[PDB]
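> Structure below; questions to follow.
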Amino acid sequence: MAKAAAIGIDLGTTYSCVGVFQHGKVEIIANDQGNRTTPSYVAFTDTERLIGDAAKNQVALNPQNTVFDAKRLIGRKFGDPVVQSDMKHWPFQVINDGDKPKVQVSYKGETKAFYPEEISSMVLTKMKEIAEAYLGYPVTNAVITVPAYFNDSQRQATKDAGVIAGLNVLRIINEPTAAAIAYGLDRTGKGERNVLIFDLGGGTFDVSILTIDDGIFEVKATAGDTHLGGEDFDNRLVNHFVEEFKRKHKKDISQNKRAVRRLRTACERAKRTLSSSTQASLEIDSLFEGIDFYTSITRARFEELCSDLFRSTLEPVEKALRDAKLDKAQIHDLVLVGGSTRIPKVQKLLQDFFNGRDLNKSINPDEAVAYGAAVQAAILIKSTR
Ligand SMILES: Nc1ncnc2c1nc(Cl)n2[C@@H]1O[C@H](CO)[C@@H](O)[C@H]1O
């Protein structure tokens, strides 16, 4: 029943996803708001603790007590130059508890501090409760994914997050391995297979090169930009619309925090529309000083605004190929991971770099990692019996 059931969790920097393999198919489980992915946000308020969508929706009104990016802190020391650099950009407080970072917040009127693994365990508890509500019984066995470059301390702290959440962690697997499992790239019989995973998320970009030799996976190279993602494209749309508002009304909205956030969420939505339409419309009632902002943007203008950012994704691909000591023609499969890989210009640039090659993209790229983890979780729980 429950002891023979296992879930696959994609614990992401910005979004998390949960899948289950049953009756020969993977089901990506929708949350109570109908969404197949849940924001990796935890809000601490005057009355409650919010997790996910409800936490992301109140981030504007409560920025000091809304924690996100815990995956950037997990398994790291306070003194780490990565932690020190990132701290300068977060609205929540990060403190030092014996060379270990803790996030300090106000909760139910009291000052409380949390380890990154306690924050990630609250996100994991939510994913577990989403699967339980879908299945009708508690599920405790789980496969949790991590980036391929995570060291032993980061993998251990992720496993500890799973323990705190009440999960029996069957295995911690690399995100590119879960993606290659989703496409069945480990069931191609004999002979070594070279796979490139192109992972463009909300706040991070990762390129991974894997060799699959008779079922066994081997990471040959990892490259990327930890500070490049979908949110940088939204910001380029934001800057354009602020300059367009200035040309039409002779008014600068940039300093008005409410006007910029409403513009930012509308730009995120418009960006997603531009993936399947050649134009998107913004309809913001009373954006600034009672002025409605009713405009449109073509896909051509959006591609111009983000041109330099899209082209920059090809340097880590070249870097990963040189590190792996492989030429383009030696790569058997190209796999797309992350919601931003849906952008037609991103697919066009990657396909042209690989000489007109076909891309593996039939599985929702924001769900491919949870899909593969759910498959691995089923295989692992069966062998356990
Ligand atoms: N259809 C889409 N076209 C463009 N960007 C998309 C799309 N879907 C998502 Cl999600 N994203 C972005 O992916 C990230 C999450 O994986 C977010 O930045 C989201 O906007």
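By order in the structure tokens, chains are A, B, ...; within a chain, residues start at 1; ligands start at 1, following the order shown.
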Neighbouring residues of residue A:251 were defined as those with any atom within 10 Å, considering only C-alpha atoms; residues of the same chain fewer than 4 positions away were excluded. Please report them as a compact mmCIF listing (two decimals) with N, CA, C and O atoms, in the first residue's frame.


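Output (selection_6.txt):
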# COMPACT_ATOMS: atom_id res chain seq x y z
N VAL A 242 9.12 50.48 -18.61
CA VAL A 242 9.40 51.68 -17.81
C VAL A 242 9.80 52.84 -18.79
O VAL A 242 9.29 53.94 -18.67
N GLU A 243 10.65 52.55 -19.78
CA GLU A 243 11.07 53.54 -20.79
C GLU A 243 9.91 53.91 -21.74
O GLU A 243 9.81 55.07 -22.15
N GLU A 244 9.03 52.95 -22.06
CA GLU A 244 7.85 53.19 -22.89
C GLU A 244 6.83 54.05 -22.10
O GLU A 244 6.24 54.99 -22.68
N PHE A 245 6.64 53.77 -20.79
CA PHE A 245 5.74 54.58 -19.94
C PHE A 245 6.28 56.03 -19.88
O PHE A 245 5.50 56.98 -19.95
N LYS A 246 7.60 56.19 -19.79
CA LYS A 246 8.27 57.50 -19.77
C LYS A 246 8.07 58.27 -21.10
O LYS A 246 7.81 59.47 -21.06
N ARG A 247 8.16 57.60 -22.26
CA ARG A 247 7.96 58.25 -23.55
C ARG A 247 6.50 58.70 -23.77
O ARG A 247 6.28 59.80 -24.27
N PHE A 288 0.21 53.74 -12.50
CA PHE A 288 0.86 54.84 -11.82
C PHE A 288 0.05 56.11 -12.06
O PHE A 288 -0.26 56.45 -13.20
N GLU A 289 -0.28 56.82 -10.96
CA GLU A 289 -1.01 58.08 -10.93
C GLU A 289 -2.36 58.02 -11.68
O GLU A 289 -2.80 59.01 -12.27

> What's around stretch 111-124 of chain A at 10 Å? Count only C-alpha atoms, leave out sequence neighbours fewer than 4 positions away in its own chain, and write the answer as a PyMOL selection string.

chain A and resi 9-13+15-18+38-42+44+49-52+67-76+93-95+97+100-107+128-130+144+154+156-167

> Could you list, as a ChimeraX atom specification, all protein and nucleic acid residues with an atom at most 6 Å from ligand 1, counting only C-alpha atoms and all ligand atoms?

/A:201-202,230-231,268,271-272,275,338-340,342-343,366

> Name the residues in contact with stretch 291-304 of chain A at a cut-off of 12 Å, using only C-alpha atoms, excluding same-chain residues fewer than 3 positions from it; report them as an MDAnalysis selection string.

chainID A and resid 233:242 244:246 248:251 253 259 262:263 266:268 270:288 307:311 343:346 348:349

> Determine, counting only C-alpha atoms, which protein, DNA and RNA residues have an atom within 7 Å of an atom of residue A:377; residues of the same chain fewer than 2 positions away are not included. Present the result as a ChimeraX atom specification.

/A:6-8,142-143,373-375,379-381

> Per DSSP on the backbone, what are the alpha helix (DSSP H) residues of stretch 165-369 of chain A, as a count of residues only?

82

> Rank nothing, just name the residue among A:347, A:31, A:153, A:313 nearest to residue A:132, using only C-alpha atoms.

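Closest candidate: A:31.
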
> So which bits of stretch 15-45 of chain A end up strand (DSSP E or B) when you DSSP the backbone, as a list in words?

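So, restricting stretch 15-45 of chain A to strand (DSSP E or B), we get residues 15, 16, 17, 18, 19, 20, 21, 22, 25, 26, 27, 28, 38, 39, 42, 43 and 44 of chain A.
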
> When you count only C-alpha atoms, which of these residues is closest to residue A:197: A:383, A:254, A:177, A:47?

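Closest residue, counting only C-alpha atoms: A:177.
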